[PDB]
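Protein chains in written order, with PDB author numbering: chain A, 67 to 109, 121 to 482; chain B, 69 to 109, 121 to 482. All residues carry an ideal CB built from backbone N, CA and C; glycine is no exception. Input: a single structure, listed below in structure tokens.
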Ligand code: HEM
Ligand code: HEM
Ligand SMILES: Cc1cc(N)nc(C[C@@H]2CNC[C@@H]2OCCNCC(F)(F)c2cccc(F)c2)c1
Ligand SMILES: Cc1cc(N)nc(C[C@@H]2CNC[C@@H]2OCCNCC(F)(F)c2cccc(F)c2)c1
Ligand SMILES: C[C@H](O)[C@H](O)[C@H]1CNc2nc(N)[nH]c(=O)c2N1
Ligand SMILES: C[C@H](O)[C@H](O)[C@H]1CNc2nc(N)[nH]c(=O)c2N1
Ligand SMILES: [Zn+2]
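In structure tokens form, the structure reads like this:
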């Protein structure tokens, strides 16, 4: 082998070299002195043009037209535009290509075997917060497809010089309210306290439940954000029940069908889309393990263990483990019952192995964040645990961005 | 320069300043992270690693800058200047071994770092003598079930000649025997070492749990074969709290986790045979050893016994059976009165260790993928704790198989 990362699968004994990483144009947070790979957050003119050039090259390569008349004219067209305005504009098919490429390039998504199937909705004509609401509601209608979920992304207008951003304030399109109490405890989802408080300040009359759907705070450039309420018929939800444990349904737990991230930046060839929400379908463990068992979230492990009649007095009864399995199973069982798309952590990780194999043949590598790809239960029971991965930033990219308040 | 380390369960924040004392480079660059890779791939150098360690020593017994410090530093110059190398005093080696454990980023058990019986075997000259030493280490460390962490330090490396080595990866391992049907009986990880044993003339059992012999190598000698007296090797029959059938699986594990193939570096000196042992954390046996597909791979057998649905993965039979096997192990070890710690207790103590280290040193090098357990990851507080990883010395390094 050569001076590219050597990558081993310890279950199978198979070796690959990552040559794609050579493509990376942006430094991550690690150095030879220290690995910072487990931090969740780390941290004009020529600079723009070069990025733009790189993306157009990428576009043209993908349509197999590298070096050609139209390829070189488009380059000259992009330069022209940046020369007289300082920015430029993607073509319809260039946006489609990029959006998909950003999903392909996201090191933290286990669901990338699906990268090539993605409805790109162009909303770069959107002009008001009201119009955003509309656009967002069409997205939710399309993507939900009555439970037969379909991956999509709606792209609003790119950042402009000295001009405000289009922003969705909500971290996801569909999230539950969290209400701070007299006790100090939270009723609802403790992640969402702040945004809940922001909505009430902007005129929302709040509910008082564990599962109230948040309204949307949407922001057209240079105005303050307007508040929009999703019609309940538009938000599909799955009441939670267990297959064998009959009491589970009595807990009154539930989750929403559509996982739609809404607070991420989509950066394509230097252009920045501050508002471009995307959505797919859940992996069982996101709801069952993270949302419902995290001590700083709904934290239902104790409750369920008690119902199950486990010894919660001692760690070694593996009461946390026993309960978490049933919650997870209750998630899957119930989504399946309601005929709403879900994938379990086994099935998912199997298919990402397949994605890894594809991307090896196609690009010679696949950036991947191990701690994020490996599921929060039953880790080494899934094939990804035994797979070494290389993490690196590629572009187009989805980039986290700070809350707008 | 100083990285911010947040914990997302509680929202608390620290800064790691400890990582600045790292002198040895890891595998990451700013262009790409390789932190999930299991493996990497003259007087000035040695003399400055040695001073820096002696500094670490006198500083640790508060005598930094005193007479005994100055003259010991000079004893080091003098020895390297004349011989190309030098030797450590017993107390120094004791300090360095504990520090090597402390510095081990992949060890979730570091709360215990200061409690370590150090056996000095540097006066070892034969594979015979090696064996006795190893046999004493086992008797000490096992202590009829009341496990005591220990290390034994064989003679250092030397430019003149070959290394003292223990060919085995652990002092106690189960043999893996390749069958005709291209199948493995026993432990598939130990196929190659089992074939080495047999080649150096061992008579093999044909059970699923046959304790391998030791292959011990003195400098520039053919390794020698030594059978462990069966009474030294404490084993644990596996049974289940509620499932009476489990015991009839005939499953079992050994008490003592004792790594023997890792090189111990202190002050630039290299100890190529320095086995060490503590006690197990249950997921090691229950999850990895027994349910890994390239190991004993018993998940399906056990789930079928549990009468679950193998046909589809959304019934979570892998997870369900995985838990019972971990349960069986805990129960069994607690029943046989043998130290073991579950992943919840251990990760809780690791958090506290992170706290103590923060106050004492300004951080703790940690490797997230190894600290987080292989089941119920996010169920443990380590999952939500950011972690910085970097190499401090004294350290344990991984080493090439001697063959
Ligand atoms: C198609 C079904 C999909 C599944 C099953 C899936 C699965 C996942 C999972 C389990 C995570 C870990 C997130 C967490 O625990 O917070 C993740 C992250 C991510 N996914 Fe997906 N994903 C899917 C589709 C998509 C789509 C359509 C996009 C956008 C085109 C996308 C882009 C991302 C990004 C950017 C992350 C990192 C998120 C962050 O850093 O906050 N994924 N995915
Ligand atoms: C006191 C009981 C101990 C517990 C519960 C414990 C726990 C663990 C665990 C779970 C691992 C990862 C194991 C794996 O999945 O391969 C590990 C790794 C390690 N531990 Fe410990 N440990 C203990 C004692 C020790 C001792 C006594 C030493 C030596 C002084 C030590 C030094 C190391 C080193 C160097 C590694 C890296 C493993 C490797 O690179 O293969 N630990 N520890
Ligand atoms: C603080 C911070 C930084 C960052 N980069 N990222 C986050 C999202 C956090 C991470 N962990 C939980 C939460 O993110 C919740 C959303 N995660 C992904 C998902 F569930 F919404 C999803 C699932 C399938 C498909 C899809 F398109 C989206 C937070
Ligand atoms: C190839 C390779 C590289 C490397 N760095 N390391 C290895 C040891 C492997 C890793 N994964 C399992 C196996 O190592 C055997 C077990 N490792 C730790 C332990 F079990 F030995 C242990 C537990 C508690 C206390 C204690 F002292 C020791 C292999
Ligand atoms: C500190 C650690 O990186 C953090 O808890 C991460 C670990 N892995 C994760 N993996 C996924 N998919 N989602 C997460 O939120 C996290 N949290
Ligand atoms: C490829 C991956 O890094 C490898 O499987 C690691 C992951 N985490 C681990 N963690 C521990 N404690 N022990 C291990 O052997 C491993 N294996
Ligand atoms: Zn790294």
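Item	Value
Do residue 342/A and residue 350/A have their C-beta atoms within less than 8 Å of each other?	yes
Does the segment 358-367 of chain B come into contact with the segment 137-146 of chain B, if we say contact requires no fewer than three beta-carbon pairs (one atom in each stretch) closer than 8 Å?	no
When a residue counts only if its C-beta is closer than 7 Å to some heavy atom of ligand 2, which residues count, in chain order?	176/B, 179/B, 180/B, 183/B, 185/B, 186/B, 187/B, 188/B, 191/B, 195/B, 228/B, 230/B, 338/B, 341/B, 355/B, 356/B, 357/B, 358/B, 359/B, 360/B, 363/B, 367/B, 420/B, 425/B, 449/B, 475/B and 477/B
Would you list, in chain order, the members of the segment 294-323 of chain B that have their beta-carbon closer than 8 Å to a beta-carbon of chain A?	none
Determine which residues share a DSSP beta bridge with residue 101/B and list them.	468/A
What three-state label does DSSP hand residue 115/B in the structure shown?	Missing from the coordinates: residue 115/B, inside the break in chain B from 109 to 121.
Can you look up residue 287/B in the DSSP assignment and give me helix, strand or coil?	coil
Note down, in chain order, each residue of its chain lying with its Cβ closer than 8 Å to the Cβ of residue 367/B, except the 5 sequence neighbours on either side.	374 and 453
Cα-Cα, which of 81/A, 217/A, 327/A and 314/A is closest to residue 414/A?	314/A
Given this structure, state the Cα-to-Cα distance separating residue 224/B from residue 151/B, to the nearest angstrom.	41 Å
Exposed or buried, which one is residue 318/A when buried takes at least 16 other CB atoms within 10 Å?	buried
Could you tell me whether any Cβ in chain A is nearer than 8 Å to the Cβ of residue 93/B?	yes
If I follow the unbroken alpha helix (DSSP H) through residue 175/A, where does it start and stop?	169-182
Quick check on DSSP: helix, strand or coil for residue 124/B?	helix
So which residues of chain B does residue 87/A contact, with C-beta pairs closer than 9 Å?	99 and 100
Could you pull out every residue in the same chain whose Cβ sits closer than 6 Å to the Cβ of residue 432/B, ignoring the five residues on either side in sequence?	189 and 190
Using 8 Å as the threshold, is the C-beta distance between residue 465/B and residue 75/B below it?	yes
Between residue 108/A and ligand 3, is the CB less than 7 Å from at least one heavy atom?	no
Starting from the beta carbon of residue 166/B, find every residue of chain A whose beta carbon is closer than 8 Å, and list them in chain order.	Result: empty, since nearest Cβ-Cβ is about 31 Å, beyond 8 Å.
Span of the alpha helix (DSSP H) holding residue 433/B?	422-440
So, at 6 Å on beta carbons, what are the nonlocal neighbours of residue 445/A in its own chain, with the 5 sequence-adjacent residues on each side left out?	184 and 466
Looking at residue 96/B and residue 117/A, is the spacing between their C-beta atoms short of 8 Å?	There are no atomic positions for residue 117/A here, as chain A continues from 109 directly to 121.
Residues in the same chain with beta-carbon distance under 8 Å from residue 105/A, minus the five sequence neighbours each way, listed in chain order, please.	95
Say whether chain A places a C-beta atom closer than 8 Å to the C-beta of residue 96/B.	yes
Which term fits residue 228/B, buried or exposed, when burial requires 16 or more other beta carbons within 10 angstroms of its beta carbon?	buried
Taking Cβ-Cβ distances shorter than 8 Å, what residues in chain A pair up with residue 76/B?	106 and 373
How would you label residue 102/B, buried or exposed, when you count the other beta carbons within 10 angstroms and need 16 or more for buried?	buried
Please name the residue, chosen from 268/A, 163/A and 131/A, that lies closest to residue 79/B on a Cα-to-Cα basis.	268/A
Out of 88/A, 260/A and 456/A, which has the shortest C-alpha to C-alpha gap to residue 421/A?	456/A
Can you have a look at residue 161/A and say buried or exposed, based on whether 16 or more other CB atoms are within 10 angstroms of its CB?	exposed
Kindly indicate if chain B contains any beta-carbon less than 8 Å away from that of residue 238/A.	no
Is residue 464/A close to ligand 6? I mean its beta-carbon at under 7 Å from any heavy atom of the ligand.	yes
Between the alpha carbons of residue 334/B and residue 258/A, how many angstroms are there, rounded?	50 Å
Report the rounded CA-to-CA distance for residue 99/A versus residue 198/A, giving the unit in angstroms.	44 Å
So, for residue 440/B: in the same chain, excluding its five sequence neighbours on each side, which residues have a beta-carbon less than 8 Å away from its beta-carbon?	86
Beta carbon of residue 249/A: closer than 7 Å to some heavy atom of ligand 3?	yes
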